[PDB]
Number of protein chains: 2
Amino acid sequence: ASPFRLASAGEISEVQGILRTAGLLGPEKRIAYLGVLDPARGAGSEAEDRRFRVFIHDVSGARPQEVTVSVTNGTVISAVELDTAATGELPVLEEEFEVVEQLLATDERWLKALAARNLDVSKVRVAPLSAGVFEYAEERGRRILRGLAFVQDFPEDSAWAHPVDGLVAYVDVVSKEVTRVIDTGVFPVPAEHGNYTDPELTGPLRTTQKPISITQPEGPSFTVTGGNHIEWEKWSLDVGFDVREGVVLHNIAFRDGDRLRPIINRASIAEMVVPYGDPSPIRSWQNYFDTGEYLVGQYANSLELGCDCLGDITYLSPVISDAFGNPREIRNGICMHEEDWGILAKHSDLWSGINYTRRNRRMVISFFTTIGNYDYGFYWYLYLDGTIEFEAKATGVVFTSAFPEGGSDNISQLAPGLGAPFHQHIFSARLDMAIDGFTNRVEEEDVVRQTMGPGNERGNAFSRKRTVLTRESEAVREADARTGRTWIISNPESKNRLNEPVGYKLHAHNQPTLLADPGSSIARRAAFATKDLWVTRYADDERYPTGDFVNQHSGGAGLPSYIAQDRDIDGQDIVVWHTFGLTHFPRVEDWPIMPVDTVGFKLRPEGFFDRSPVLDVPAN
Amino acid sequence: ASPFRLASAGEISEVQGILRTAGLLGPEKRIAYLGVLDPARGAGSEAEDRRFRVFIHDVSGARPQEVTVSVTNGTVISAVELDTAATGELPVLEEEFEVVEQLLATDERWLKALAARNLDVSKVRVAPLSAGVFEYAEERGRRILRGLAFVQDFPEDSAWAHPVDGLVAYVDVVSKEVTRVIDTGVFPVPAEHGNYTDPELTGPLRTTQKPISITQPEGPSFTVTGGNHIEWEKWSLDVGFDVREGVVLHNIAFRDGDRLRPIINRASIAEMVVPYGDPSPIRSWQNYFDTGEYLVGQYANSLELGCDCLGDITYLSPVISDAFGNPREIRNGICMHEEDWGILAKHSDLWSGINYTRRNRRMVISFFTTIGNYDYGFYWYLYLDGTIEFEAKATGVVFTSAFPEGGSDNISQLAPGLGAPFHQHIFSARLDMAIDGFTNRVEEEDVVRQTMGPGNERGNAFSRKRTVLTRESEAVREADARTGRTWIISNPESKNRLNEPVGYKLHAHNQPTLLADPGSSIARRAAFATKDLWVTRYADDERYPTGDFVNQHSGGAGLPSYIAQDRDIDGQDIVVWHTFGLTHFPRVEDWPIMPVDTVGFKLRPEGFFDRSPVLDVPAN
Ligand SMILES: [Cu+2]
Ligand SMILES: [Cu+2]
Ligand code: NA
Ligand code: NA
């Protein structure tokens with residue numbers, strides 16, 4: 001019954017049928033994006049209208065379309081032709097991943113470049129890389145991918161060990177033409193292999209690890225109903241999945257006594273970008289919007305038991321559209337389980353004689369995706385005590401280059417002749433807040449140091465201050481770790497038993513934000529990434545911090561455009577957009593396959609409850 | 001055989017015997033501190049000399065002594081009388097915890113104060129609190145404790161719910177006299193109970209938690225030999241225990257191929273302080289050095305299985321001295337176990353077809369201590385990938401006060417009339433570094449942003465810089481989260497296969513440091529807490545950032561005095577002292593017993609290894 005249920009194979013087939021019937025999905029059409037839309041505000045009272053949004057590409061060169069369909073009613077709600085030079089190109093298509101290599105393989109300029117390096121064309125892999133927006137006037141309105149080459153010595157070889165530096169090509173993937181081949185000079189192609197399953201490199205595998213067995217003999221403590229509605233230790237939510245964003249959480253709420261209290265209406269990673277900090281012309285255009293350009297959900301891994309997810313696991317298998325509108329299941333693409341999380345609360349009291357210990361747990365909802373060389377795990381955690389946390393786990397194989405003779409200020413050395421350009425991985429979490437309902441506001445809270453003097457004669461006092469963010473023009477904020485800066489989302493009309501507005505406090509990691517010069521193309525295209533926290537007034541068309549069409553799209557859309565409306569956010573339906581990232585100077589330990597590193601944020605209750613919410617957790 | 005083995009009951013009895021024989025431990029003597037000393041540098045070549053350091057108090061008012069004993073040889077090495085007005089009072093004795101309440105109960109000023117508030121003296125608990133150093137000239141050279149009162153309605157009641165504000169007393173615990181009773185006026189004693197095992201407050205306990213069973217059917221992957229030598233997944237270390245510092249790690253090293261490579265010679269929490277930020281004269285003197293004044297090891301809990309520590313647990317039961325020199329065992333005071341830690345590394349490669357997943361694990365060494373109202377867990381983690389981490393878990397019951405009518409800038413409200421003064425918990429980790437041996441140096445590494453222009457025409461480049469800390473005068477450093485500041489400890493004479501010095505990078509949480517005015521007593525006594533990172537040249541008498549005797553001791557010792565020597569630290573035997581803390585504005589959710597909150601730091605290999613050290617971890 002839930003209008004927040006996952007899309008079914010039947011719904012996708014039905015979208016396909018509706019589009020076909022309407023004349024919108026002929027043989028030259030391809031689906032670049034398809035997803036279910038969330039219910040409108042206040043829609044709970046009226047019957048279901050399941051609506052799907054679709055981006056349709058045309059392989060014959062005609063203009064693409066944005067279409068909204070009502071699958072409930074079997075109708076097209078809207079269909080509009082896109083001018084991509086203005087509003088952006090559609091996301092990269094799965095079917096385009098081979099095309100850059102294939103076209104380049106019979107291009108005389110490319111062949112000449114490979115022959116100069118004594119490389120067999122049959123062994124040269126070409127990564128199909130997003131192009132961005134730079135100085136090349138001919139690319140405006142054209143679907144371009146750029147290609148960087150990596151040598152694969154044999155079918156099972158890791159090509160990332162053998163980058164071909166000094167060479168890049170640009171390709172029109174619709175007209176199937178090579179627009180440019182740039183060769184700045186030969187660099188040695190690094191020779192050592194990076195085959196992390198080769199016994200010669202691993203050596204003898206360890207025999208020292210004894211098994212760890214995690215079981216739940218009575219099954220898990222959470223229930224799943226309606227396909228994707230979770231109930232666990234007072235928490236209530238729906239687990240969505242979108243081909244762009246991946247796992248999306250809806251209707252996060254906590255049952256406090258008899259009342260189901262909303263906390264967050266929708267939580268997602270709405271963008272993620274990987275900007276590279278190497279000024280070589282071979283890579284200086286490199287910025288991968290894994291979410292906006294590639295669609296991270298589309299590449300979600302099938303997760304194997306006792307392996308990717310350990311313990312008593314409940315899986316969801318979300319369905320997405322292929323390029324023709326046929327449903328494709330991602331088998332075991334979402335893991336759900338609960339985990340022990342050490343001590344929750346503990347006190348041994350001298351005066352009462354009472355010794356008390358309770359254990360913590362968390363509910364985990366995750367998926368893992370692969371974007372070329374990168375693999376990322378996206379983890380959402382709900383804790384017994386009301387805390388909500390997100391963690392990203394970055395692994396895979398680092399993107400490589402040559403390591404210049406005489407070193408580099410922008411590239412680290414991994415192996416002889418092998419470099420790894422510096423880069424960042426920067427995420428935007430979009431948290432459509434609903435603290436005890438939709439009437440919310442945000443305050444920035446700083447620690448306040450106090451001067452020794454009257455009222456503070458021993459110079460020990462310290463305090464804090466809160467500044468309400470009243471309008472969008474005032475709500476673009478930066479971190480200040482030194483002053484312990486956090487942001488509190490509260491409901492000014494809902495008070496706890498102490499007559500204080502209920503709230504949740506966002507605790508950031510205060511990692512560096514986007515490092516690029518403010519006048520760069522990337523600082524404009526990923527403007528969201530330049531500041532730690534943005535707050536907007538909710539609008540149904542304000543979905544991504546980079547806008548709907550990121551591929552080859554200049555600035556003009558996204559968060560800077562939204563906040564220009566300067567809307568009231570003081571006791572209104574608001575959305576918090578938190579930027580957080582990893583700055584990666586690759587280390588030798590990252591090669592040939594990288595150990596996981598992490599980043600994230602959390603939100604903790606701040607006078608939301610009337611006392612600890614975990615007093616009813618039982619012993620042992 | 002190991003000179004790093006835990007102290008045995010026999011060794012403590014033997015220290016007692018040696019002291020007795022030497023005339024140093026008559027009936028009026030009490031042991032305030034006793035611990036084994038680490039072996040001298042280069043001592044491995046000569047036979048064992050187990051030496052113990054002892055602080056001896058005299059209950060009849062004579063001067064205390066610092067004594068070093070050789071238990072191996074049965075001799076007193078040194079014994080010196082202390083002038084406590086100069087060098088500090090000895091740590092608070094367990095036997096003094098009752099004395100403040102007992103003396104106050106027959107004092108007419110105290111009795112008058114309680115009668116003004118209609119409080120039955122038999123129900124008034126008095127916390128025995130460290131005094132610090134303020135304006136009271138008569139306290140210099142005297143052992144003083146201060147007392148704050150809390151009402152206990154019945155034997156099992158949580159007295160913390162019922163603070164008696166407006167009242168404080170000072171007591172000489174040797175002469176057994178009450179020096180001052182200060183009554184600034186009556187405040188309502190908060191009435192609601194805080195009994196977190198009372199069904200009236202908890203409500204019906206949850207029946208929704210299904211069991212989680214963590215077992216190791218073949219036993220653990222670590223070995224323990226010589227009582228406390230651990231070997232686990234290439235790591236090697238010895239687990240020490242000291243009554244002051246608690247768990248101390250010695251000789252942390254990693255077996256890389258055939259070579260045992262040192263990383264850290266000694267790791268401990270060498271101090272921890274809890275400064276309070278309430279300017280009321282009732283509490284403005286409050287700063288608890290839990291380590292230096294109270295001795296956190298002494299109060300380590302006995303940890304119950306399936307409860308405090310879950311899984312296949314190996315315990316150590318360290319032995320300490322009681323006040324008379326008799327050995328006392330802390331049964332199951334140290335937990336050791338390995339834990340699954342999610343995904344270690346993962347890649348699904350498009351070109352090779354190879355899908356690869358490996359799981360991570362960590363070795364955990366922990367203890368939990370109780371200091372009055374506070375309970376703290378101290379956790380050390382070793383990970384497969386070479387990472388070393390510390391985490392402190394803070395829980396217990398918050399220290400309370402009245403909540404003033406009309407609010408407070410320095411106290412939060414928890415319940416009707418019940419306040420919690422703002423405070424911090426600030427730790428100092430002392431890391432005697434040995435990166436590939438003792439010849440080490442520290443660099444501060446910052447991210448470097450670059451301007452769009454020649455050499456960087458697209459404005460995408462970013463870099464980093466490292467500054468070697470060459471002498472102690474230059475090695476007192478602050479955090480800079482915005483620039484991604486870290487500190488690298490390297491060995492300039494030990495290079496990896498890429499001709500780079502091997503190293504480890506310290507990643508701080510960049511939480512606020514000590515907030516008190518720089519001219520306060522606490523800023524001087526806890527000077528270490530005002531800066532994030534200090535580096536000293538190793539010296540055997542430079543053990544604690546606050547010096548040997550913290551109780552009622554002004555500035556003059558500790559880190560500021562050590563670094564004045566301005567010694568060479570550029571390729572020398574050095575020690576890193578990292579300050580990290582929690583700033584706590586108590587929330588309603590913290591009452592009546594606080595959910596765990598955490599702080600810590602970690603160190604990750606940085607070109608220490610020649611490639612990933614976990615390529616030999618087996619599948620599944
Ligand atoms: Cu990276
Ligand atoms: Cu605290
Ligand atoms: Na909202
Ligand atoms: Na050292």
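What you see below is based on every heavy atom in this structure, not just the backbone, and it leaves out hydrogens, waters and symmetry mates. Every chain is numbered from 1, with letters handed out A, B, ... down the list of sequences. Remember, it's 1-based here, ligands and their atoms both numbered in the order they're listed.
- Closest N/O/S atom of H584(B) to the Cu ion (ligand 2): ND1.
- For the salt bridge (charged side-chain N to carboxylate O under 4.0 Å, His left out) criterion with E245(B), the lone passing option out of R430(B), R266(B), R543(B) is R266(B).
- Listing protein N, O or S atoms at distances below 3.0 Å from the Na ion (ligand 4), with waters left out, gives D432(B) OD1, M433(B) O, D573(B) OD1, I574(B) O.
- For the salt bridge (charged side-chain N to carboxylate O under 4.0 Å, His left out) condition, the pairs that include at least one residue of residues 565-582 of chain B, sequence neighbours left out, are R41(B)-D573(B), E472(B)-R567(B), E542(B)-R567(B).
- With sequence neighbours left out, the side-chain hydrogen bond (donor to acceptor under 3.5 Å, both in side chains) criterion links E589(B) to no other residue.
- Evaluation of the ring-ring contact (aromatic ring centres under 6.0 Å, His included) rule for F580(B) yields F390(B), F427(B), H578(B), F601(B) as partners, not counting sequence neighbours.
- Closest approach of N410(B) and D278(B) over heavy atoms only: CB-CA, 4.0 Å.
- Both the sub-6.0 Å distance and the 45° axial angle are satisfied by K393(B) relative to the ring of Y379(B).
- Taking the Cu ion (ligand 2) as reference, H425(B) places its N/O/S atom NE2 nearest.
- Using bins of under 30°, 30° to 60° and over 60° for the plane-to-plane angle, the ring pair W235(B)/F254(B) lands in the perpendicular bin.
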